[PDB]
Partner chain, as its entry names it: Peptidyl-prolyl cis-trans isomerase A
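What follows is a single chain, given as structure tokens, in the form solved without the partner chain.
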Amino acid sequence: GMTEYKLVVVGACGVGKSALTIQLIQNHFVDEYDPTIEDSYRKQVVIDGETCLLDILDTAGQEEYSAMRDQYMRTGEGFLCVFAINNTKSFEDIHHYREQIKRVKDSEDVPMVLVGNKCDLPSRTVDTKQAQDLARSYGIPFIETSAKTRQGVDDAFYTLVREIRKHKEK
């Protein structure tokens, strides 16, 4: 089978986790996606000449059982840590997702990319420099995206795969 990358999109409710994923897979922007739905999507793509499969979990926070959260974190190879540039709280929540994933996987080296979504909106509470400082402290890539205009969407997901590849080669 071709190589599969198991990706997990995390972040506060409403940041655009679903919108980003759907834009990547289905190439359209969704105005309204039920905030309570958590499904996974698969798509064959070509990244740097490699034909591969992206298996993407679009999370929705709480689970029936917390064991289910622990399961997807352990199974996940890479994580998109998404906040919205007009939601300071979502940016502050990133600390908690970072910590929780490393905790579950019991690892200090977990492939992650920081994603500042909704960058199409003029309304902004989180400056690019603030997110850059955070990503610097984590030693991960930071990318601003818009699920609406598709700006940066492929870059976020593909960078995360490249991060996973760097991790694996060790």
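Numbering follows the first chain given and starts at 1. Here the rigid core means the biggest group of C-alpha atoms that line up within 1.5 Å when the two forms are laid on top of each other.
Omitted here: the form deposited with the partner chain bound. The next part is about that form.
Residues with any non-hydrogen atom within 4.5 angstroms of the partner chain in the bound PDB entry fall in just one of 58 to 66, 124 to 132, 111 to 119, 139 to 147: 58 to 66. Under a 4.5 angstroms non-hydrogen atom cutoff, the partner chain in the bound PDB entry lacks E50 among its neighbouring residues. Although the partner chain is not shown here, in the bound PDB entry the stretch 19 to 39 places heavy atoms of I25, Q26, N27, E32, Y33, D34, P35, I37, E38, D39 within 4.5 Å of it, in sequence order. No residue of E50, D55, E63, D120 other than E63 has its CA displaced by 2 Å or more between this form and the one not shown when the core is superposed. The pair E63 and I56 separates in the bound PDB entry: their C-alpha atoms are at least 3 Å more distant from each other than in the form depicted. In the bound PDB entry, the Cα atoms of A84 and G61 sit 3 Å or more nearer to each other than they do here.
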